[PDB]
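Accompanying notes for the structure given below.
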Amino acid sequence: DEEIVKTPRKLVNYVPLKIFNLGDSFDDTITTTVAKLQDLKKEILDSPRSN
Amino acid sequence: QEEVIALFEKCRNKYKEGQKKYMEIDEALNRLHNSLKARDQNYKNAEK
């Protein structure tokens, strides 16, 4: 193990952090714009096309 | 997919503007046809 004993630690030493928990990779904002465009194009499909 | 949906947006805008132009030109042509027939009758009467 490390050194001879357990490493010293602060009496609180919380440090929550954990902003991201796995996942990451694909961004959410780009696909959010994608989903907005999806509902927009569905609304367009509701509007008449051709004829 | 974003490029294709933007392509459909521009396609539908061009489609709508083309139909607007087509209605404008057809309306103008029908009005001109009726006006030409009326003017032809008027000119024939005046000449006679």
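By order of appearance in the structure tokens: chains A, B, ..., then residues from 1 within every chain, and ligands from 1 in the order shown.
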Using only C-alpha atoms, find each residue of chain A with at least one atom at most 10 Å away from an atom of chain B; report its shortest atom-to-atom pair and that distance in Å (one decimal), sort the rows by chain and rising residue number, and return the result as a tab-separated table.
```
residue	atom	partner	partner_atom	distance
A:33	CA	B:2	CA	9.3
A:34	CA	B:2	CA	7.3
A:37	CA	B:5	CA	7.9
A:38	CA	B:5	CA	8.9
A:40	CA	B:5	CA	10.0
A:41	CA	B:5	CA	7.7
A:44	CA	B:9	CA	9.1
A:49	CA	B:12	CA	8.3
A:50	CA	B:15	CA	8.6
```
Gap from CA of residue 35 in chain A to CA of residue 7 in chain B - Å, one decimal: 16.9 Å
d(CA of residue 13 in chain A, CA of residue 1 in chain A) in Å: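 CA of residue 1 in chain A lies at a distance of 21.2 Å from CA of residue 13 in chain A.
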Every residue of chain A that DSSP places in helix (DSSP H, G or I), as a VMD selection string: chain A and resid 28 to 46
Residue subset to file, keeping C-alpha atoms, as a PDB file, in the first residue's frame:
```pdb
ATOM      1  CA  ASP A  28     -27.023  17.144 -25.199  1.00  0.00           C
ATOM      2  CA  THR A  29     -27.402  20.636 -26.697  1.00  0.00           C
ATOM      3  CA  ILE A  30     -26.805  19.550 -30.306  1.00  0.00           C
ATOM      4  CA  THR A  31     -29.383  16.777 -30.050  1.00  0.00           C
ATOM      5  CA  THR A  32     -31.641  19.267 -28.236  1.00  0.00           C
ATOM      6  CA  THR A  33     -31.562  21.452 -31.333  1.00  0.00           C
ATOM      7  CA  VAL A  34     -32.151  18.233 -33.296  1.00  0.00           C
ATOM      8  CA  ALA A  35     -35.282  17.429 -31.264  1.00  0.00           C
ATOM      9  CA  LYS A  36     -36.528  21.010 -31.609  1.00  0.00           C
ATOM     10  CA  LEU A  37     -36.087  20.714 -35.373  1.00  0.00           C
ATOM     11  CA  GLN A  38     -37.903  17.366 -35.188  1.00  0.00           C
ATOM     12  CA  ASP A  39     -41.000  18.853 -33.580  1.00  0.00           C
ATOM     13  CA  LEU A  40     -40.776  21.839 -35.947  1.00  0.00           C
ATOM     14  CA  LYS A  41     -40.692  19.563 -39.004  1.00  0.00           C
ATOM     15  CA  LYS A  42     -43.591  17.556 -37.578  1.00  0.00           C
ATOM     16  CA  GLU A  43     -45.554  20.807 -37.260  1.00  0.00           C
ATOM     17  CA  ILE A  44     -44.610  21.559 -40.872  1.00  0.00           C
ATOM     18  CA  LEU A  45     -45.858  18.085 -41.848  1.00  0.00           C
ATOM     19  CA  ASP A  46     -49.157  19.093 -40.248  1.00  0.00           C
TER      20      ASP A  46
END
```
